[PDB]
Structures are given as structure tokens and as C-alpha cells.
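Working through the structure, step by step
Spelled out from the first residue to the last, the chains are:
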Amino acid sequence: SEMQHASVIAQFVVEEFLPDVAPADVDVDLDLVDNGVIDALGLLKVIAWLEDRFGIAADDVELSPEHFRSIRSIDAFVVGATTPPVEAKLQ
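Here every chain is numbered from 1 following its written sequence, which may not line up with the entry's numbers; residues without coordinates are dropped from view. Side-chain measures were taken over the full set of non-hydrogen atoms in the model, leaving aside hydrogen atoms and water.

Listed as the method for this PDB entry is solution NMR.

Okay, here's the thing in C-alpha cells:
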């Protein structure tokens, strides 16, 4: 369950720019930024829906470009916000 709905996260980024692509065909082992799917407005859209699902405000914490290091980090960031991080990359 470490993925915590990994396919769901890909579904948002996939639908954010490539909705005609099956999220299962995306490797979560590749950094999300390397794809370039996350842009300036793309970054805003990411926090807008991701924050809306948990009802949390991004203003409470500042996000850095490193937080977009990979989709895996996004799952940890979302979980880290409500519950302690699991196998965080830092540890």
C-alpha cells in the first residue's frame, strides 16, 4: 500500500496534459519533471486539485521544485502532510 493510489496520482498528471494516454503506460520510476508535464500553470493546477482533495491550503507550506523530483515524491508529500512520511527518499 506504499503506493497509496499511485495510479490515481498518474491519472491527474496524465489527464492534466495527456488524457489520451493510459496512466499504466507511465513509469513512476522516471522523474516527473524530466517529462516536462509540470509547467508554471501546470504546477498551479497540481496544487489546486491535489490540495482540494485533502482540503489543505498550499499557502501553509511553500513548495520547492525539488518536491516535483518525481511522482513518488508527490505521494510522500501528500501522505507526509496528513500522516508521517513512509520510506521517505531522504531516509
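**A closer look at the overall build of the chain**
Test applied: Note on conventions: DSSP H or I runs of at least 4 residues are helices, E runs of at least 2 residues are strands, and numbering of each starts at the N terminus. C-alpha atoms define the radius of gyration in this analysis, and the globule rule sets the expected value at 2.2 Å times the number of residues to the power 0.38. In what follows, residue pairs with any heavy atoms lying within 4.5 Å of each other are defined as contacts. Using a 1.4 Å probe, accessible areas were evaluated by the Shrake-Rupley method; residue-level cover was limited to the displayed protein chains. We treat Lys and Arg as the positive residues and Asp and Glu as the negative residues; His and chain ends play no part in the count. Think of each charge as sitting on NZ of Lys, CZ of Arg, CG of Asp or CD of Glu.
Secondary structure summary: the chain contains four helices and zero strands in total. Each helix and strand of the chain, ordered N terminal to C terminal, gives the series α-α-α-α. The C-alpha atoms of the chain give a radius of gyration of 12 Å, which matches the 12 Å a tight globule of 91 residues would have. The principal-axis extents of the C-alpha atoms in the chain amount to approximately 35 × 25 × 20 Å. Pairs at least 24 apart in sequence give 57% of the contacts found in the chain among residues at least 6 apart. In the form shown here, the chain has an accessible surface area of approximately 6400 Å², with 57% of it arising from carbon and sulfur atoms. For the chain, the distance from the average position of its 5 positive side-chain charges to the average position of its 18 negative side-chain charges is 3 Å.

**With respect to the environment of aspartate 25**
This is how it is decided: Partly exposed describes any residue whose relative accessible area lies between the buried limit of under 20% and the exposed limit of over 50%, with all areas from a 1.4 Å probe on protein chains only and scaled to the type maximum.
Of note, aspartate 25 is situated in the loop between helix 1 (6-17) and helix 2 (32-35). Among the residues examined, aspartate 25 registers a relative accessible area of 60% and is labelled exposed. Spatially, the C-alpha atom of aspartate 25 lies 27 Å from that of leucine 90, the residues being 65 residues apart in sequence.

**Overview of helix 4 (residues 71-82)**
Note the threshold: For a helix, the expected span equals 1.5 Å multiplied by the residue count minus one.
A rise of 1.5 Å per residue sets the reference length of helix 4, with its twelve residues, at 16 Å; its end C-alpha atoms lie 18 Å apart and thus fit the reference within 8%. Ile71, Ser73, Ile74, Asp75, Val78 and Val79 are the residues of helix 4 that are buried. Buried-residue contacts for helix 4 involve helix 1, helix 2 and helix 3 (40-54).

**Details of the packing of aromatic side chains**
Note the cut-off: Ring pairs are drawn from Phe, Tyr and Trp, using the six-membered ring of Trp, whenever the two centres fall within 6.5 Å, and their geometry is named by plane angle: stacked under 30 degrees, edge-to-face over 60, tilted for the rest.
As enumerated under the stated definition, the model contains one aromatic pair in all. When the centroid spacing of 3.9 Å and the interplanar angle of 15 degrees are considered together, the rings of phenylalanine 12 and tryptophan 49 count as stacked. A residue pair is termed long-range when its members are at least 10 positions apart, and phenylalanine 12 in helix 1 and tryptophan 49 in helix 3 qualify at 37 residues. Under the relative-accessibility criterion, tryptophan 49 is labelled buried at 15%.

**Describing the side chain of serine 70**
Within the secondary structure, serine 70 sits in the loop between helix 3 and helix 4. Owing to a relative accessible area of 2%, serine 70 belongs among the buried residues under this scheme.

**Re the nonpolar core**
Counted only if it meets this: Remark: nonpolar core denotes a set of buried residues (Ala, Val, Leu, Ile, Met, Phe, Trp, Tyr, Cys) joined through side-chain atoms within 4.5 Å.
Of all hydrophobic cores here, the largest spans 14 residues; its most connected members are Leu32, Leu50 and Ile74. Apart from the residues lying within four places of it in its own chain, the contact partners of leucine 50 are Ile74 and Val78.

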